[PDB]
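Written out below as structure tokens is the structure these notes cover.
In full-length UniProt numbering, the protein residues as written are 192 to 423.
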């Protein structure tokens with residue numbers, strides 16, 4: 192996370208860290224007691240479930256609790272190196288109890304409307320700068336939803352943003368997700384102060400670059416797919 196701040200325990204209870212052989216590689220989000228949603232690209236090279244573990248809490252160091260992965264489901268239409276349909280599901284080896292420090296986020300219905308200009312938050316243990324290493328303590332950054340048309344302009348992503356994607360950040364840079372944050376959550380609150388998962392950290396041109404906001408997998412566009420695989 193670039194331009195963010197460290198968080199306190201309990202602020203973002205659904206955040207998870209995915210580790211391969213004990214090393215953090217991607218973020219993920221708890222959507223059920225036994226299910227995590229993440230990005231498909233997190234499992235492109237390292238796909239053996241037995242060597243992946245998930246941890247919760249605000250630190251990777253004294254992890255509050257860890258879980259193994261029983262199964263990994265990548266979207267059928269995802270095709271590396273393309274960024275389209277960048278979504279994955281991971282089933283935990285055992286259920287995670289719901290506590291004030293660790294619990295699921297709500298998923299928006301396919302018709303939920305996130306409006307450009309809406310204030311959202313992205314969290315993760317990712318790099319503080321381009322080519323940097325992951326952090327041990329969870330960070331958050333406030334970003335703004337940018338409409339697809341503006342994000343698709345010639346100076347921006349020039350028509351590369353598909354309907355399965357969403358753009359958020361700042362046109363001037365300053366705040367953005369970065370390497371290591373991939374697969375993590377982009378959330379927003381409704382009037383009842385209930386948090387919903389709007390996006391999944393997917394890609395971008397480097398990190399915090401002007402005119403190149405962060406690109407996220409649009410959850411509403413893949414909501415039914417999640418149901419088809421999990422029943423959630």
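All residues carry an ideal CB built from backbone N, CA and C; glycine is no exception.
Drop a sphere of 10 angstroms on the beta-carbon of residue 229, count the other beta-carbons inside from all chains shown, and report buried for 16 or more, exposed for fewer. Classification of residue 229: buried, given that the 10 Å Cβ count is 16 or more.
Can you give me the C-alpha to C-alpha distance between residue 216 and residue 341, rounded to a whole angstrom? About 31 Å.
What residues in its chain sit with their C-beta under 7 Å from that of residue 235, if we drop five residues either side in the sequence? Around residue 235: 271.
Between residue 306 and residue 199, what straight-line distance do the alpha-carbon atoms span, to the nearest angstrom? Cα to Cα, the separation comes out at about 28 Å.
Out of 395, 322, 327 and 329, which one is the CA nearest neighbour of residue 358? Its Cα nearest to that of residue 358, the residue 395 stands out among 395, 322, 327 and 329.
Nearest neighbour of residue 263, chosen from 274, 254 and 237 [CA to CA]: Comparing alpha-carbon positions, the option among 274, 254 and 237 lying closest to residue 263 turns out to be 237.
Cβ-based neighbour list, residue 366, same chain, cut-off 6 Å, excluding 5 preceding and 5 following: For residue 366, where only same-chain residues beyond five positions count, the Cβ hits under 6 Å are 194, 332 and 334.
Would a C-beta distance cut-off of 8 Å place residue 293 and residue 377 closer than the cut-off? Taking 8 Å as the Cβ cut-off, residue 293 and residue 377 do not qualify as a contacting pair.
Along the beta strand (DSSP E) that carries residue 257, what are the first and last residues, could you check? Looking at the DSSP string, the run of the beta strand (DSSP E) that includes residue 257 is 256 to 265.
Reduced DSSP category for residue 414 - H, G, I as helix; E, B as strand; rest coil: Of the three classes helix, strand and coil, the one that applies to residue 414 here is helix, per DSSP.
Just confirm the distance between the C-beta atoms of residue 317 and residue 192, as a whole number of angstroms; I'd bet it's less than 8 Å. Yes, residue 317 and residue 192 are in contact; Cβ-Cβ is about 6 Å, under 8 Å.
Express the C-alpha separation of residue 243 and residue 213 in angstroms, rounding to a whole number. If I take the Cα positions, the gap works out to 8 Å.
Could you tell me which residues DSSP pairs with residue 204 in its beta bridges? DSSP, once it has assigned bridges, lists no residue as partnering residue 204.
Which two residues bound the contiguous alpha helix (DSSP H) that contains residue 369? Membership of residue 369 in any alpha helix (DSSP H) is not indicated, and neither H nor E is assigned to it by DSSP.
To which residues does DSSP link residue 223 through a beta bridge? Beta-bridge annotation (DSSP): residue 223 is paired with 226.
Distance, Cα to Cα, residue 254 vs residue 241? About 19 Å.
Taking the beta strand (DSSP E) that residue 235 falls in, what are its first and last residues? From DSSP, residue 235 is part of no beta strand (DSSP E); its letter is neither H nor E.
Just to confirm, is the Cβ distance from residue 397 to residue 343 under 8 Å? In this structure, residue 397 sits away from residue 343, with a CB-CB distance that is not shorter than 8 Å.
Contact under 8 Å by Cβ, residue 298 with residue 283: In this structure, residue 298 keeps its C-beta atom at 8 Å or more from the C-beta atom of residue 283.
What's the call for residue 177, buried or exposed, on a 16-neighbour Cβ count within 10 Å? Residue 177 is absent from the model: the chain starts at 192 and stops at 423.
Between 196, 363 and 206, which has its C-alpha nearest residue 386's C-alpha? Ranking the options by Cα distance to residue 386, first place goes to 206.
Below 8 Å between beta carbons: does that hold for residue 291 and residue 347? Taking 8 Å as the cut-off, the beta carbon of residue 291 is found no closer than this to the beta carbon of residue 347.
How many angstroms separate the CA atom of residue 406 from the CA atom of residue 323? Cα to Cα, residue 406 sits roughly 19 Å from residue 323.
Beta-carbon spacing of residue 219, residue 266 below 8 Å: Not in contact: residue 219 and residue 266 (Cβ atoms no closer than 8 Å).
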